[PDB]
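Only one chain is included here, represented as structure tokens and corresponding to the form deposited in one PDB entry.
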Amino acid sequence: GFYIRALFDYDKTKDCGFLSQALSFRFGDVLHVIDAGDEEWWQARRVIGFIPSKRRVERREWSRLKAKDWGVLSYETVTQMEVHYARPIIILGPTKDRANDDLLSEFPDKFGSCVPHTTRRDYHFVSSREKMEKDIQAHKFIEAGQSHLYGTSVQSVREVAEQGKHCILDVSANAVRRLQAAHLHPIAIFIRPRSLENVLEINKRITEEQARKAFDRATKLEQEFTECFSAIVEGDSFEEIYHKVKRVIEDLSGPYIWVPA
């Protein structure tokens, strides 16, 4: 058959109280499709039941958008490939900073921070801003910005990854595609707030206004970068989100991983 990665969560018993041979899966789950003979329902098992076909899932999506005329994600085929480095980590969403620091302090042997370049051991110093600006234009950085310039080079990430540890990247989701192109498949973990109230329950260190801003930024982050996420994590407290972040990292950190195309 063939393999696909789900780009949405699916649980009909949970959503409707309907019992059937339907398979339940979460965003990011890799599914082994054994029989795609039925146009509406595919037979598969998480890497044995039925899941809606690409045709069925999208038809439903397009129908939704068409409802707004004058007023789309389903699955992606994946292949397994071997990796010779430790996968970089990109945690996104509310509390991502806390999760980053705790992983670094709690497991220094497994996680490390890379050495950023700067125009201003700690940093890779660059004398010329011009040379810097050109390297940026030359796609040497996964992400950069500024009164001095700062950037995280593909090479610096590579060094940490080759040394055998997951490199904790403090970058935007835009960096995911950048890393994929450099053949350094990151583990992009999105922490999704279940609601505005949920943000204050997973992050007990911010104000109500900060939580609203956080919820809004999370919503726009999911709308635009879902395909780039390796996993989506939710919870009723940071502890639970942290526990899941660790589990997701482990689950996706083997010598063999699933990738697009």
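Take the two forms, find the largest set of C-alpha atoms that superpose within 1.5 Å, and that set is the rigid core. From 1 onward, residues are counted along the sequence shown.
Below: the form deposited in another entry, not depicted.
K.L.:
For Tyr10, is the C-alpha shift between the shown form and the other one 2 Å or more after core superposition?
P.N.:
Comparing the forms between the shown form and the other one, which are aligned on their rigid core, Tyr10 does shift its C-alpha by 2 Å or more.
K.L.:
So, superposing on the core, is the move of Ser253 at the CA at least 2 angstroms between the shown form and the other one?
P.N.:
No, shifts by less than 2 Å.
K.L.:
Answer yes if the Cα of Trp42 shifts by 2 angstroms or more between the shown form and the other one on a rigid-core superposition, and no otherwise.
P.N.:
The answer is yes, as the C-alpha of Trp42 shifts between the shown form and the other one by 2 Å or more after core alignment.
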